[PDB]
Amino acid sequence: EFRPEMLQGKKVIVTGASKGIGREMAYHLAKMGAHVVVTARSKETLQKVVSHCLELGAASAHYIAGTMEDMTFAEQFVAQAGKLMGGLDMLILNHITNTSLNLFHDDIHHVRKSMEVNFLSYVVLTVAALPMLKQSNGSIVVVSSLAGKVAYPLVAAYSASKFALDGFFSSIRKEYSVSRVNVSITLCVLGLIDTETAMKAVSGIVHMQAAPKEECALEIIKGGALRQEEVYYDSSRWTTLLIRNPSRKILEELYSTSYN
């Protein structure tokens, strides 16, 4: 049902797109002939990503370098991005703060930074993006994890931020169905993905197989373009089957009649 032309000429933002899945999303969007604006802290890496996007066929490709620790950089990034492109059809929220597999001890700092970067910024970006996405009946694409659905050791602050994305964006989505705002929200529930960052963090600790990042990137884009509520992507067919939650869906619907 997905066709690459659905993204042609679309105005797309991708965060954390200097490397990993983000960069791969930018490359697929370029190939589909979208307009892209990518962001990360490293302007020099973003310059390379952008040049390759243009090689690949992007309608246009630009970059804004900065940290999503800074909420005012964040808020202003969306405005500057929309002015470059002359609007906004898709906002792909993918960036995270640097993290390792380690037991939580006494690390409020890391918890607080994970919440600011992986969560608050995403809300800030959404608030700034919303007027344009309302004008275009656009998409919000929230990149989460299986650790944002299920509990795993070694990723406590990370998991809090990802669970928070589910709670916020899923609730916003219900609100859109009651005020008929035509902005889709796609939560992307990802298993281990073979990015450089992940593969280095995981070596000698985890023995799960990673899924290829290029296909991951593509499945996220497909899901957003088709406006799916959630996208599941893992190297195991089993976990994919087990990730669904019909109980949650019934329960949510059981209370649809409760609001005047």
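From 1 onward, residues are counted along the sequence shown.
Mean C-alpha B-factor is higher over 97-105 than over the other stretch, the pair under comparison being 84-92 and 97-105. Higher mean CA temperature factor between 188-196 and 41-49: 41-49, per the PDB entry. Taking only the listed residues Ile64, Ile220, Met32, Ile205, the entry reports the highest CA temperature factor at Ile205. Remark: of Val123, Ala164, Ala156, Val178, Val178 shows the highest value [criterion: C-alpha B-factor in the PDB entry]. The PDB entry assigns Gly148 a C-alpha temperature factor belonging to the lowest third of its chain's modelled residues. Among the modelled residues of its chain, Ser236 has a C-alpha B-factor that falls in the highest third, as given in the PDB entry. The deposited CA B-factor of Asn245 belongs to the highest third of values across its chain. Looking at the C-alpha B-factors along this chain, the one for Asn137 belongs to the highest third.
The deposited CA B-factor of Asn118 belongs to the lowest third of values across its chain.
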